Each structure stands twice: as structure tokens, then as C-alpha cells.
Amino acid sequence: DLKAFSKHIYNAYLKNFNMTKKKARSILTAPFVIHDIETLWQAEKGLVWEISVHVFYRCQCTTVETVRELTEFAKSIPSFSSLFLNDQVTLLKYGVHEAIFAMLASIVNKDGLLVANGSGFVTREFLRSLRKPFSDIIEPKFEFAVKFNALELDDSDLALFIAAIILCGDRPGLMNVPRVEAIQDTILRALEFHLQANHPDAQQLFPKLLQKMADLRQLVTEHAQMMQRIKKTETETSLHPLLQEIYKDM
Amino acid sequence: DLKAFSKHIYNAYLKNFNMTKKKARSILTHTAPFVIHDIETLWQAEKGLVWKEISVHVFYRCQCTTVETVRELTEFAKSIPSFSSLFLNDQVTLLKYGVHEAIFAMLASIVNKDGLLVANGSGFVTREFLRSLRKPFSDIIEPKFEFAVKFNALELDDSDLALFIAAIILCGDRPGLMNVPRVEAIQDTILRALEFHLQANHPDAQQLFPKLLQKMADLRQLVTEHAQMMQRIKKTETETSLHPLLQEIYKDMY
Ligand SMILES: CCCCCC/C=C\CCCCCCCCCC(=O)O
Ligand SMILES: CCCCCC/C=C\CCCCCCCCCC(=O)O
Ligand SMILES: CCCCCCCO[C@@H]1O[C@H](CO)[C@@H](O)[C@H](O)[C@H]1O
Ligand SMILES: CCCCCCCO[C@@H]1O[C@H](CO)[C@@H](O)[C@H](O)[C@H]1O
């Protein structure tokens, strides 16, 4: 039952992610605006929670929390938990940033992004104003997001999309390729069915989404090269140890 | 409470491992195990007596047994306090580098100078037969015997072995470990318990605890050497398959 499968994935998503596209979108039409050093200082003063590195550290804190939620979410995808633990780890290593950057779009518009559970809005112009390595780490994610948003997915669509992202059978070093592939196919048949039901007039949505998954893999490939490089060129700036593990040999 | 902690680890071990040293030792001296000592008796054993080229076939039975023990060790680990709260990548590193040390320590439980119990005590495979297989294979098996017979002279029981194996898995110095200080903290808790347990359980055995600490370094070297031999069978013996989980375990090991 593809409808039942769809609904359980969706409820797994609602359970594990507090900020949904529904909540984000309703807010995006009250949050404290962060657009310079001063407003950031204020935001950190209780209102919401060098400049470029500090923003980078805030970014790391948010993505590592999203990795945690994705790890708990994956446990609810049928058959994920029955994979050997080393296969679960490989799947998370390689999929968690593709999922993060897909879900980023839910909290973005052309002008900036919601932070701290909707309490703040950080403007894209401020992020463009940061020093060179950091500024162009962030901008490509905005570019992907505004385009992604034009597909007009909802949270029920996104739940299946992220599930399908995590269960990629072609991740480097996967042990049981055929089992992962089989579970992914189940999610995708569900996703195709759900898009028919949810988006009846949206011709071509499902191949569009499959192409978005390849786009995300290249977004993340390019992201990793940039993070890998900051690790060398930017001697003073720290990387969270879990992120260090994720980018290690990626 | 070092005594409560010990009991909980003991029970996690009873739960996850069917063959205990207790059960093994009473078998090694209900009906006797079928003796496997040549091609013919192995064939009979697999004809439902015990299970339901000779050197490679034995090697494949070895793989099947150790991968089953890996599975039991992974479940066992979940019950060691604080193991499950480690990030999943750290749990995987701990099992990767610890499962075979734990395996070869528990091997001693089912071994005597003459051979080893197989299939839940249904079978006894002689050491002479295993010495008789082709060079690479005979050479992987024999050092485990040498380790086990020495290990058995310490006269540990299942309650001792449970904390020992826990301590093995929570080794803070495994290559590529993320949260080193936290793994070290959990191990120290296990070792304190173990030290307490040996003094209660083996009051006369002074120096047992340092002896055990040295056995863990002995096992690390046993396994380093095992991995080197397994990695080489992969290259030279191209016709003989390696279970995909063991291939993952030995991948980039040393
Ligand atoms: C103050 C900034 C608000 C944080 C917004 C969300 C944070 C990160 C979203 C992804 C941005 C891409 C580059 C930054 C991510 C670096 C850390 C990582 O690689 O996980
Ligand atoms: C037919 C013979 C059955 C023997 C089964 C006993 C199980 C283990 C004792 C031998 C362990 C050492 C052999 C090398 C292990 C190969 C697979 C592995 O490395 O996990
Ligand atoms: C689940 C039982 C424990 C299995 C232990 C096997 C661990 O293998 C390791 O898995 C990692 C991905 O998870 C890879 O990054 C390493 O290259 C690989 O060697
Ligand atoms: C906690 C879920 C997310 C974890 C992502 C971290 C995965 O890192 C990988 O973990 C393996 C050990 O498990 C190592 O072999 C690899 O070298 C490392 O790159």
C-alpha cells in the first residue's frame, strides 16, 4: 500500500523535524532580522539564540543538529534499521548533506533564511558580505534552493524525497548494494504514486525530482571540496569533529 | 555499584552468547559431540549430524562461525552502558577493531589442546585435522590455539569474560575514533568493575588484573597478524571468497 507507506514516512518526518515547510512558509509572510555584526550580537544576546568565521561556526552548529535529526529519521524508513550498522553509517555519511540542502529550501526565499526555529531571519546580502571562502560556500545553496522551491513540493513530498536521498545504492563503499537499491525502489514507487495524487496537474514532476537528486549529489561534491580546502588554507578555523568525519575521504 | 554493573554485563553476555564457557567445559568432559577429524567425518557432520578443496571448505565454515559471532557481539555491545549513546560512526569503529579480539578471547572457552567445539557443542574438530590443511589456512588457525591454551591457564569464568570482552570493545585507541575521551571514560568504568570483580571472584589470584590487561595487548597483536594473513589470502588465493562483512572489517585495517 503506497499511500500507507507514504503516510508513515511523512509522520516520521513530522516527528523528527520541528521546522516544516508549512511553518516556515507561514512565518515568511515577526522574526528578528540579522544583517550585520550588530544585529548578530543582539540575536546572540537572547533574542534569537572575525564575523565570517563566527557565522561559519553557527552554520556548523545548525547542520550538525540537522544530521542528528536525519539519523533518527532514517531509523523510521522501512528496512533502514535492518541494514548492517556499517551500511547505515555509509548511507548517512553520503546522504545527510544532500538531505540538508534539499530541506534548506523550505526555510529560504531570494532574500535570506530562517534560523533558530523561525526566530531569526538572516539576509542573503549579509552572507554574501562575508570573506571569500565562506561567502561562496553559502551562495550556491541559495541558488539551488530558489530553483528547488519553484517545484512547490510540500512536507509530504519532501519526506519521501529525503528518504529516497538517504537510501542511495551507489554510495562509495556500500556493502549490500542490492538490498539498499531494493529499499530505495520501494520509496520511489511510493514517491511517484504520491506525486500523482498530490500534484495531479504537475506534468513531469517525478523525473524532475530524480534529476534534483543528481544535482544535489554534485552540490555536495562541490561543497565537500570547499570544506576539505578550508581545513587546509584556513588554519585557525575549527571544524566540528562529526563534520570532519563526514568529509574524511569523501 | 561495581557489583551491579558487573552483573548487568554478565547478563548481557548470557543473553547474547548461547555457548558459554560453563556449558562448553561440561561438554568437554547428555550425548557426546561428533568428532570431525578428516574429509569423511566432515561430510557426515554436514549431513545433519552436526550442521543442518577441504582447506577452503573449512575456511568457509570458519567465516560462517565468526560472522555469526560478530552479530552476537554487535547485540552484546548495545547493553554495555553508554555504548549506544556514542555516535553510530564511533560504534562501527569500535566493532570493526574489537570484534576479532573479542572472538579470539571467547574461542578459548570452547578449545582444549586437542581441538574445538563447533555447532553449539554438537561437534568437536580436532587440532591435528586443522594442522593438516593447506599452508595458508593451517597457518591462520594454529596461532589462535596457541593463544587459547595459554589464556585458559588464567581460569576465567563467564562472569570474568563478560567484563573482559566489554573492555575489549570499548578500546579508546582504535584508529579513526571520533570521541576518544568518552570511549576512554566508559572503558575505565568497565575496568574498575573488572578489577573489583577479579578480587571478589579470584581472591587468591594476585596479579590477575595486570595479566588480563597484557592479554588485551596480546590480542591486539594476534588480530594485527590475523588481518595481515586475511588481507593476503584476498590477493593470492583469488578463487576463495571472503564474506562481505569480513571484507569490510579487514578493509584498511592493520
Ligand atoms: C547564521 C547562519 C544560519 C545557519 C543556516 C543553516 C546553516 C547551514 C546551512 C548550509 C550552508 C552551507 C555552508 C555551511 C555549512 C557548513 C557546515 C557543514 O558542512 O555541515
Ligand atoms: C569446520 C571447522 C569449523 C571451525 C569453526 C571455529 C570457528 C573459529 C575458529 C577459527 C578462527 C580462526 C580462523 C580464521 C577466521 C576466518 C574468518 C574471520 O577472520 O572472521
Ligand atoms: C556492523 C558490524 C560492524 C562492522 C564493522 C565493519 C566496518 O567497516 C567499515 O565501515 C565503514 C562504513 O560504515 C567504512 O568507512 C570503512 O571503510 C569500513 O572498513
Ligand atoms: C553518526 C552518523 C553520521 C556519521 C557520519 C560519519 C561517517 O564517517 C565515517 O565513519 C567510519 C567509521 O564508522 C570511518 O571508517 C570513515 O573513515 C568515516 O569517514
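Residue numbers begin at 1 in each chain, while the letters A, B, ... track the order of the sequences. Values below: all heavy atoms of this structure, side chains included; hydrogens, waters and symmetry mates excluded.
Within 6.0 Å of CD1 on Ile37(A) lie no more than 12 heavy atoms contributed by other residues, nucleotides or ligands. The number of heavy atoms from other shown groups lying within 6.0 Å of NZ (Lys3(B)) does not exceed 12. Other residues, nucleotides and ligands place no more than 12 heavy atoms under 6.0 Å from the CH2 atom of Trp41(A).
You'll find the side chain of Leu242(B) stays beyond 4.5 Å of the side chain of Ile233(B), heavy atoms only. Between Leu40(A) and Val55(A) there is a side-chain heavy-atom pair separated by less than 4.5 Å. Inter-residue side-chain proximity for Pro136(B) and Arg232(B) is flagged as unmet; no heavy-atom pair is nearer than 4.5 Å. Side-chain contact between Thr189(B) and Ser82(B) is absent, with no heavy-atom pair separated by less than 4.5 Å. You'll find the side chain of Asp173(B) reaches within 4.5 Å of the side chain of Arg220(B), heavy atoms only. Taking the side chain as every heavy atom from C-beta outward, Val122(A) and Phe32(A) never approach each other to under 4.5 Å. Within the 4.5 Å cutoff, side-chain heavy atoms of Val67(A) are placed close to those of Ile246(A). Residues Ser156(A) and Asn198(A) form a side-chain contact, since some pair of their non-hydrogen atoms from C-beta on lies under 4.5 Å apart.
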Evaluate the side chain to side chain contact (heavy atoms under 4.5 Å, CB included) criterion for residues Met253(B) and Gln228(B): first the C-alpha distance (whole Å), next the side-chain angles of each, then the deciding distance (0.1 Å), finally the verdict. CA-CA 9 Å; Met253(B) 196 182 193; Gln228(B) 292 164 0; over 6 Å; no

Going through the distances and angles, do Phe84(A) and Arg71(B) end up as a side chain to side chain contact (heavy atoms under 4.5 Å, CB included)? CA-CA 9 Å; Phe84(A) 279 96; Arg71(B) 277 171 169 282; 3.5 Å; yes

With salt bridge (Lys or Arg N to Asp or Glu O under 4.0 Å) as the criterion, how do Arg131(A) and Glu234(A) come out once you've worked through the C-alpha distance, each side chain's angles and the decisive distance to 0.1 Å? CA-CA 12 Å; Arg131(A) 226 218 307 127; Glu234(A) 285 284 318; 2.7 Å; yes

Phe5(B)/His197(B) under ring pair (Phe, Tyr, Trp, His ring centres under 6.0 Å): CA gap, chis, key distance, verdict: CA-CA 10 Å; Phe5(B) 184 93; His197(B) 190 73; over 10 Å; no

Start with the C-alpha distance between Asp157(A) and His199(A), add both sets of side-chain angles, then the distance that settles side-chain hydrogen bond (donor to acceptor under 3.5 Å, both in side chains), and finish with yes or no. CA-CA 10 Å; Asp157(A) 308 316; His199(A) 300 257; 2.6 Å; yes

Run the side-chain hydrogen bond (donor to acceptor under 3.5 Å, both in side chains) check on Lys23(A) and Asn18(A) step by step: do they pass? CA-CA 9 Å; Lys23(A) 286 151 79 165; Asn18(A) 186 25; 3.0 Å; yes

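Remark: the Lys144(B) side chain and the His226(B) side chain contain an N/O donor-acceptor pair separated by less than 3.5 Å. With no hydrogens or angles considered, no side-chain donor-acceptor pair links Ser82(A) and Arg179(A) at under 3.5 Å. Counted by atom type alone, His8(A) and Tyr13(A) present zero donor-acceptor pairs between their side chains at under 3.5 Å. Between the side chains of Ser119(A) and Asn117(A), not a single donor N or O lies within less than 3.5 Å of an accepting N or O. Side-chain contact check for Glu44(A) and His54(A): at least one donor-acceptor pair (N or O, by modelled atom type) lies under 3.5 Å. For the 3.5 Å distance criterion, the side chains of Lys96(B) and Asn86(A) fail to qualify, holding no donor opposite an acceptor.
Between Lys21(A) and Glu152(A), none of the side-chain N atoms (NZ, or NE/NH1/NH2) sits under 4.0 Å from a carboxylate O, so this pair counts as no salt bridge. A salt bridge is absent between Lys15(B) and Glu75(B): the closest approach of a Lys/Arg side-chain nitrogen to an acidic carboxylate oxygen does not fall below 4.0 angstrom. Ion pairing of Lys208(A) with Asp215(A) is absent here, as no side-chain N (NZ or NE/NH1/NH2) approaches a carboxylate O to less than 4.0 Å. Using a cut-off of 4.0 Å between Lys/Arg side-chain N and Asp/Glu carboxylate O, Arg171(A) and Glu98(A) are scored as salt-bridged.
For the pair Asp155(A) (side chain) and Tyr10(A) (backbone), a donor-acceptor distance under 3.5 Å is absent. Counting only distance, with no hydrogens or angles, the side chain of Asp90(B) and the backbone of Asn179(B) share a donor-acceptor pair below 3.5 Å. With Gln231(B) contributing its side chain and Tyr250(B) its backbone, the two residues share a donor-acceptor pair below 3.5 Å. Here the side chain of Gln63(B) pairs a donor or acceptor atom with the backbone of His243(B) at under 3.5 angstrom. The closest donor-acceptor contact from the side chain of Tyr60(B) to the backbone of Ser241(B) lies under 3.5 Å.
Atom OG1 of residue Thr66(B) and atom CD1 of residue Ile103(B) lie 5.0 Å apart, to the nearest 0.5 angstrom. We find the CD1-CE distance between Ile137(A) and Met227(A) to be 5.5 Å, quoted to the nearest 0.5 Å. Interatomic distance, CG of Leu209(A) versus CG of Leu158(A), reported as 9.0 Å (0.5 Å rounding). For the atom pair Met213(A) CE and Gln211(A) CD, the distance stands at 11.0 Å (nearest 0.5 Å). How far NZ of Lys234(B) is from CG of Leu246(B): 9.5 Å, rounded to the nearest 0.5 Å. The distance from the CG atom of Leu2(A) to the NZ atom of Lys7(A) is 14.0 Å, given to the nearest 0.5 Å.
Every residue two or more places apart in sequence or in another chain that forms a salt bridge (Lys or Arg N to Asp or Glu O under 4.0 Å) with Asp185(A) is listed here: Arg189(A). Evaluation of the side chain to side chain donor-acceptor pair (under 3.5 Å) rule for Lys132(A) yields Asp136(A) as partners, not counting sequence neighbours.
Of all heavy-atom pairs spanning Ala167(B) and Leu191(B), the tightest one is CB-CD2, 3.7 Å. Between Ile34(A) and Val115(A), the closest heavy-atom pair is CD1-CG2, 4.2 Å. When every heavy atom of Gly169(A) is checked against every heavy atom of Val180(A), the shortest pair comes out as CA-CG1, 3.6 Å. Between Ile107(A) and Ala24(A), the shortest heavy-atom distance links the atoms CG2-CB, 3.8 Å. The heavy-atom pair separating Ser79(B) from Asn16(B) by the smallest distance is OG-ND2, 4.4 Å. The shortest heavy-atom contact between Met103(A) and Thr66(A) is CE-CG2, 3.7 Å.
Aromatic pair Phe17(A)/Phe73(A): centroids less than 6.0 angstrom apart. Remark: aromatic rings of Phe121(A) and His35(A) are distant, center separation not under 6.0 Å. Residues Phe209(B) and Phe196(B) keep their aromatic ring centres 6.0 Å or farther apart.
Exactly one of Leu91(A), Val96(A), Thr90(A), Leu92(A) qualifies for a side-chain contact (heavy atoms from CB on, under 4.5 Å) with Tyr94(A). That residue is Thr90(A). Of the candidates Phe142(A), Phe161(A), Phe101(A), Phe161(A) is the only one forming a ring-ring contact (aromatic ring centres under 6.0 Å, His included) with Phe148(A).
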